[PDB]
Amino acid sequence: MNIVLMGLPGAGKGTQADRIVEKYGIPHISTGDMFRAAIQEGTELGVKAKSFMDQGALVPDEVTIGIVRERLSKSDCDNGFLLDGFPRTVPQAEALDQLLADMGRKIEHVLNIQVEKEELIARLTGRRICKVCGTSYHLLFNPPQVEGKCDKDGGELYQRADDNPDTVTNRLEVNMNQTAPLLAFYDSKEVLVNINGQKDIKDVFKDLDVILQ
């Protein structure tokens, strides 16, 4: 089960990932989580990634492909994996084909979660993230059971610094700059499915899960 969960910032990739991972027990590999981990280690990689992330810019492709090479070569991905927000560029996409072709494998499904820009913006305005596990809530649209506390581990919730309005606008634009030619890459190789992400979390999930089996 070699999957890519694709979508613009705030499309519900993280939200849908928890469901796919919990159901099929394949590792969730998000580049954005990895960069935040490196920032928490305070590695040099993290310090350098963070300049870009704070602007809402992409982290350079070579850096990014790097950590993905390393990560997907770990034995826990041998039987499958859920890439989340990678690739975002044609060179990332290619380097992914190549590193998998070296292992006698390929990506088998790119699930592209589509949401209009205005909705994406509303989603990243009230978003909250768990200190303990990294899961996201939304104060309006998908709140925790108990205010301020994650439903999974009781973790405190907080606001990601890049979820401010200026950085969000930058993030949507930058990522969209990459999107159509990448859809065209995957659409042409016959693995891309578009998914209406603009409805209930459970309903988006059914659409995904249809494809997964």
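Note that residue numbering follows the sequence shown and begins at 1.
Identify the stretch, either 113-121 or 71-79, whose C-alpha atoms have the larger mean B-factor according to the entry. According to the PDB entry, the answer is 71-79.
Mind pulling up the entry and telling me whether 81-89 or 104-112 has the higher mean Cα temperature factor? The entry gives the higher C-alpha B-factor average to 104-112.
Compare the CA B factors listed in the entry for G56, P60, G42, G148 and report the winner. Going by the entry's C-alpha B-factors, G42 comes out highest.
Of the residues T179, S30, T64, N164, the one carrying the largest Cα B-factor as recorded: When the deposited C-alpha B-factors of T179, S30, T64, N164 are compared, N164 is largest.
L8 by Cα B-factor - lowest, middle or highest third of the modelled chain: It belongs to the lowest third of the chain when residues are ordered by C-alpha B-factor.
Among the modelled residues of its chain, does the C-alpha B-factor of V174 lie in the lowest, middle or highest third? Lowest third of the chain for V174's C-alpha B-factor.
Third of the chain, ranked by Cα B-factor, where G25 sits: According to the entry, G25 has a C-alpha B-factor in the chain's highest third.
What third of its chain, lowest, middle or highest, does the C-alpha temperature factor of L99 fall into? Its C-alpha B-factor, which the entry lists for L99, ranks in the highest third among residues of this chain.
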